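Below is one structure; the comments refer to it alone.
Because the Cβ atoms are built from the backbone with ideal geometry, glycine has one as well, and the counts that use them run over all protein chains shown. Just so it is clear, none of the values below were taken in a lab; they were calculated from the coordinates.
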Amino acid sequence: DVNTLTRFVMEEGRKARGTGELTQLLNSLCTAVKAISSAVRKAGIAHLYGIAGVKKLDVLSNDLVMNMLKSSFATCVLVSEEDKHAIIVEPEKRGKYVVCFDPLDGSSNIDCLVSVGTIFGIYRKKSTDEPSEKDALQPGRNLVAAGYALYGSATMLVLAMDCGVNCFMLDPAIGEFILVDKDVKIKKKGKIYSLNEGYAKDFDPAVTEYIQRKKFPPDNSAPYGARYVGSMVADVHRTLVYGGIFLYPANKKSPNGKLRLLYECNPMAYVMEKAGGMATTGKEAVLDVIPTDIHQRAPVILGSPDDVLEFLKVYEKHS
Amino acid sequence: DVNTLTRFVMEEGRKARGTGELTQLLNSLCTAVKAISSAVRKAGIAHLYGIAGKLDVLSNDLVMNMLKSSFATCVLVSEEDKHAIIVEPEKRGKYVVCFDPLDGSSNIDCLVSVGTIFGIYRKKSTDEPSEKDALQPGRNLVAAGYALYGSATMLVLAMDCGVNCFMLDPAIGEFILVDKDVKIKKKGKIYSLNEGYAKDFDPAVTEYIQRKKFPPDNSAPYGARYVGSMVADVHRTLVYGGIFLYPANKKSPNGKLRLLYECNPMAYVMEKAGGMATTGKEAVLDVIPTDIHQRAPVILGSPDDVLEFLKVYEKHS
Amino acid sequence: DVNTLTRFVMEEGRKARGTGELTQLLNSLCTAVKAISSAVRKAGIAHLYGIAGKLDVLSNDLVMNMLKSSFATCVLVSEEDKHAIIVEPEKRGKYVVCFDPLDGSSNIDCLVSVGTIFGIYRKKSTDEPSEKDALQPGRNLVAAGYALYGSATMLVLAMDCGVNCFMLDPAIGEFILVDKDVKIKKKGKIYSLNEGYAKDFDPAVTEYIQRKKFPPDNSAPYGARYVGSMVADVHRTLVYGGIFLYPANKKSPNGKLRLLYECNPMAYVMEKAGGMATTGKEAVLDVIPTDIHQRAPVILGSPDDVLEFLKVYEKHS
Amino acid sequence: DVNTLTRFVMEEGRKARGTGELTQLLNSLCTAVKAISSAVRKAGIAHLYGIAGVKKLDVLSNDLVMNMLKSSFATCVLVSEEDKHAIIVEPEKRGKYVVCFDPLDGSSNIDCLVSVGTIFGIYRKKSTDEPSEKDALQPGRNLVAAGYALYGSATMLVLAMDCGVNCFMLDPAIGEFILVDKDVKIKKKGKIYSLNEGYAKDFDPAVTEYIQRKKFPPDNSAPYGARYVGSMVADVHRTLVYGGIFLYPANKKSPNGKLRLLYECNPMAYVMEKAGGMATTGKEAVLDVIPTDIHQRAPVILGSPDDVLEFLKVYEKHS
Ligand SMILES: O=C(Nc1ncc(Br)s1)NS(=O)(=O)c1csc2ccccc12
Ligand SMILES: O=C(Nc1ncc(Br)s1)NS(=O)(=O)c1csc2ccccc12
Ligand SMILES: O=C(Nc1ncc(Br)s1)NS(=O)(=O)c1csc2ccccc12
Ligand SMILES: O=C(Nc1ncc(Br)s1)NS(=O)(=O)c1csc2ccccc12
């Protein structure tokens, strides 16, 4: 039987007898994602180039997510890559969830039409205090749902919850996210490694040795292939689909890495763990880091568990 | 003034007082590309999954049928077809087209960018049309380019007048001219290759990549990007500058990419944009092919980067 | 604040603390309507005409399959099906839906506006569901409305909270709330019927129409409009006011339009918008049906217009 | 073999060894029609209603046709329902054709989502004078091409030339007009009449009798059906497809009718004649009226020849 994202979530919600607020949030998020997809694919660009005689994509994407979530009546605190401070939803619109998101990840290189994406993580507000930026400082372990929209060769929404990870393809003919992969699990071990090797001169010695083993295996196994889109959503999604390992690790110049914990590392860590994968900073699971700043950075190494465990073996060798 | 692909080509064609055949070919190709884009973005996927109760093959059929019915072609070479396709006599025209209808589709399971690559030749021999008509060096190309099905769909068209970039507006199904007479940066800051073959690299590639990571002149190291889909990687090289490499390795001793419908079209785009494209030993466009699916090593991109690689290549004889 | 169909319905349902079954129903039907709109606008027609080398039946399949799989329905009555469809046991919910999946499609050859009409009832007994559950008077309707596939696609939804109009935005596949809690004009200036059947008119219809063309009170004559597709004509009546008639005559004592999935949903929309809908003898919503495909006369629209017609009808006993 | 509008016109042009200017014009007009269709179907309406936190359609349609034709390098004089004076294309953009068009016919009732359309008629400039409004004052007999786009349940472009009338369906998934009905001809006699009978009180006596014969045939044969969308392009297209008669006739209050000769009546008259139908004012062929004002009105009666002849017989009975 055919299934859609909204029908799927409604069915899960009715099973669990939830109030519907999470369903309202996710449906609102999906409307935003469809509007982002339409703009990213450049519908209406003819009008910008004078066919009859405004916002940058990252600003528009942020406004779409912000406005659809504010008006969902399901959220109270919103953290965006785009905004220095947490956004507090006005009282008459307040609901129970905190949402951290990157509305258009990878858009810095969108001039070359690289895949881009939207990343989100949804938390339940934990106290009855007046909503504040502190409501977003939860460890990823507290996530209620997380995932990403990938605006690639097609548009796909990957949604992770306690019930697992499910993948929905946007059918642009009808504007519906169609369930096409149910309860997906990552391969126990992959054959692809993904990181920016151009910065090898700055690598931590453990990263240098680990990548060297992928290219020059000590036994007679085949060396790993390399892929690095440079857009986190594309690279993580390939890691999910094909297995393997993705790294944006710490080094001496960047002791906490470069990617943002709240709306890049944690949601992808959560997707990976719900798919049977792993996500580490090198020192601990990404989902166990307790944040102190909504824009703080974190190292991240994630993907197939055998690959992440092997990296942890090499990392500990240099510790 | 706004411009579209078809209007651009008609205006160029009328200035040169051509017969119109190339315009008919390219307009037919653009129709196929729009249908490929629609399928790649999964329009109608709900019907496959039961709402009412093969992509590379479809892409090949769209290009083949649209090019056959244009009356502008006589010989068609596709990555999907073991032998050259000979257009039936009543539909025969003067052009030969080599193409990859959906380049990179082996990894489309992960929604990697994909694309269509094409190169267009005038039939040069007066013999009955056959597979040998597609065996001309890339230097003979009349037009070449690619459609990139990325975050948006863009058609890059290279001709003697230069390189022009057209964005597909899906709201109206029109390719809009957005970048005119494009030129690649003289030198870039990104290198692109599958470093997983580092064990098999010849010493020239090994040294060149080492120079990118550990620059001898204390300059900033290059960043690395490798999508693994040639159209995406080459299009980034065009837009941002830098260098793309797919050298030979033990699995691919004559290289991996196909000369006729991957290396030559991209090499032609690069050269028309003021860039370079070499096998290491010679310009890609000077290779005289003997087999329609033969492979070639390729290094291409910004001229200062390709020249720097060639200096390293010369150091190793 | 922007609003969409699914979000609007979820919010009403949560206020009323409903179980969610009606929302699952309406969301599934919306998915079907978007697939119907896409096919009606001929998306993909190039493939039927050979680029790579039924509509009313497809529409029925879309509605049937989305409602069956909604887990919200148990009995489905369609203009397309001789008997009621009984939803298979594991998929059963409490609602009965009568619908016309592509009303007006007999004239779709000329691209006349077409539409989907629906009315939703609660199951009548806890017995095994059967066709008898569809034999309720329109007064029992829980929700009703229509999608109009016109110059744009619009879904009109009537419930106890009133009538709301949602425009399909094809760029994102979302129904946008654009007209809230609509009320029809008290009196219009347009009458709508097939005057080609004047020879068969009941004398009251003849007299009423004469008053529209030759007003006794020296007011302006009404304009005439008759698309011949019920959804288009009824939607114009809602938006602009006036009167729509498909009345009984001596040859068709019960009219031509179907009571369960044409007249009742439109009468319910009309009454929720402050208009009226009569057979001439009684309110459409008060007819108790005995056959799921039975016909009904219908006169509907602005209250002053319908009351004026009813006064003429009473004049002729 | 599949055929599209642009491919069809290129092939006719190459056969006849034309210069290509008419093809550039028609291709430019097609681009405008696709943009009008997208706006008429309300693509992007979510943005007007606040999804992220402007012109009327008839104004936008006029700007689209005007700008695409100006920039086609194929035109010198443009007459539009929207503009009091003819537009004279600036010298650097001038071509040889004069175009009269109604960019969005029927839009007065678009609030109720009635079918609307674009009507066009194309003339060759006849004089060697500097271009002026006078170049648009040619009788419809001089038309080089004419037709219309109907934005109905689907979008269709009907194109009439000397080779006949051809119908192209817009496939929105790919933005191409697909040839679906070749060399179309109207029925010799139909069963539907089309006019606003609400104004019967003001009818010319000939119109009153003809309509009386349709509803009460003297031979007791079956009456005609009635249809009147009130949007000229919708009513005329149904007349072409199903046969019958469409009337917007003269009366004493409107002795020249109300529809406009240059960009409504002539193009529809030209399509009808190329399809083997008829189009009369009552007194003369629509295509033979020599206009003196670019916005002058004409009565029009058109459709199946046997139906138009019967109207003309009744019209003459009433001298
Ligand atoms: O949505 C609902 N209930 C509904 N009742 C009627 C309709 Br219709 S949906 N609950 S929830 O929003 O909390 C929710 C959405 S997924 C999920 C998974 C586990 C637990 C709860 C949830
Ligand atoms: O298209 C035409 N002629 C036309 N006449 C009327 C119309 Br309308 S198009 N010629 S061509 O096909 O050879 C062509 C297409 S780009 C280009 C660039 C250089 C030389 C020739 C060409
Ligand atoms: O949908 C729900 N409740 C929901 N809970 C959570 C989510 Br999320 S939706 N109830 S209902 O289906 O009966 C319904 C839909 S409109 C309407 C109007 C009046 C009464 C009931 C209804
Ligand atoms: O377009 C062309 N010639 C072309 N050359 C190359 C290409 Br490619 S098209 N001629 S025309 O514009 O005058 C034209 C368009 S339909 C038609 C019908 C009859 C006579 C002329 C025409």
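How many nm is it between the label spots at residue D:319 and residue C:86, if each spot is 7 Å from the Cα in line with the beta carbon?
7.6
In terms of modelled amide H atoms, which long-range or inter-chain residues lie less than 5 Å from the amide H of residue D:115?
C:113, C:151
Using Cβ contacts closer than 10 Å as the measure, can you line up B:139, C:258 from fewest to most?
By the 10 Å Cβ count, ascending, the order reads B:139, C:258.
If R₀ is 30 angstrom, what is the calculated FRET efficiency for the pair residue C:132 and residue C:57, using the beta carbon separation as r and rounding to 0.05?
The value I calculate is 0.65.
Nearest 0.05, what FRET efficiency do residue C:291 and residue C:314 give at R0 = 35 Å with Cβ-Cβ as r?
It comes out at approximately 0.80.
Step through the residues of segment A:174-191 one at a time and calculate ³J(HN,Hα) from phi using the Karplus curve (6.51 cos²θ - 1.76 cosθ + 1.60, θ = phi - 60°), rounding each to whole Hz and writing x for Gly and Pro.
Those phi angles translate into 10, x, 10, 7, 9, 5, 10, 9, 9, 6, 6, 10, 7, 4, 4, 8, x, 9 Hz.
Could you give the nm distance between label points at residue D:219 and residue D:256, where each point is 7 Å from its Cα heading toward the beta carbon?
3.9
Taking the Cβ-Cβ separation of residue C:11 and residue A:128 as r and a Förster radius of 22 Å, what is the calculated FRET efficiency to the nearest 0.05?
E(calc), rounded to 0.05, equals 0.40.
At a 10 Å Cβ-Cβ cut-off, how would you order B:19, A:292, fewest neighbours first?
In increasing order of surrounding Cβ atoms, one gets A:292, B:19.
Rounded, prolate or oblate: pick one for segment D:1-183, where a ≥ b ≥ c are the square roots of the eigenvalues of its C-alpha gyration tensor, a/c under 1.5 means rounded, and failing that, prolate if a/b is larger than b/c, else oblate.
Oblate.
For chain D, what is the mean residue ellipticity at 222 nm derived from helices alone (per DSSP H run of n ≥ 4: -39500 (n - 2.57); sum divided by total residues; nearest 500 deg cm²/dmol)?
Taken over chain D, the calculation gives -9000 deg cm²/dmol.
Please list, by residue number, every one of the GluC sites (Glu not before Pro) in segment B:238-317 that is coil in DSSP and has at most 12 other beta-carbon atoms within 10 Å.
B:282
Compute the separation of the alpha-carbon centres of segment D:48-71 and segment D:82-98 and state it in Å as a whole number.
Cα centroid of segment D:48-71 versus Cα centroid of segment D:82-98: 20 Å apart.
Please give, to one decimal in nm, the separation of the simple spin-label points placed at residue A:196 and residue C:210, each 7 Å out from Cα toward the Cβ.
About 8.7 nm, to one decimal.
Provide the percentage of antiparallel DSSP beta bridges, counting only those with both residues in the protein assembly as shown; round to the nearest 5.
Within the protein assembly as shown, antiparallel bridges account for around 80 percent of the total.
Please list the non-local residues whose amide H lies under 5 Å from the amide H of residue C:298, H modeled 1.01 Å from N, same-chain partners needing a gap of 5 or more.
For residue C:298, the qualifying residues are C:246, C:248.
Alpha carbon centre of segment D:120-153 versus segment B:1-73: separation in Å?
A separation of 31 Å, based on Cα centres.
Quick one: net charge of residue B:154's neighbours, Cβ under 15 Å, K/R +1, D/E -1?
0
Which value in deg cm²/dmol, rounded to the nearest 500, describes the helix-derived mean residue ellipticity at 222 nm for chain C, given -39,500 (n - 2.57) per DSSP H run of n ≥ 4 and division by the residue count?
Theoretical 222 nm ellipticity from helices: -9000 deg cm²/dmol.
Using amide H atoms built in the peptide plane, which far-off residues or other-chain residues are under 5 Å from residue B:189 H to H?
Those lying under 5 Å, H to H, from residue B:189 are B:242.
Over what distance in Å are the Cα centres of segment C:261-302 and segment C:141-191 separated?
18
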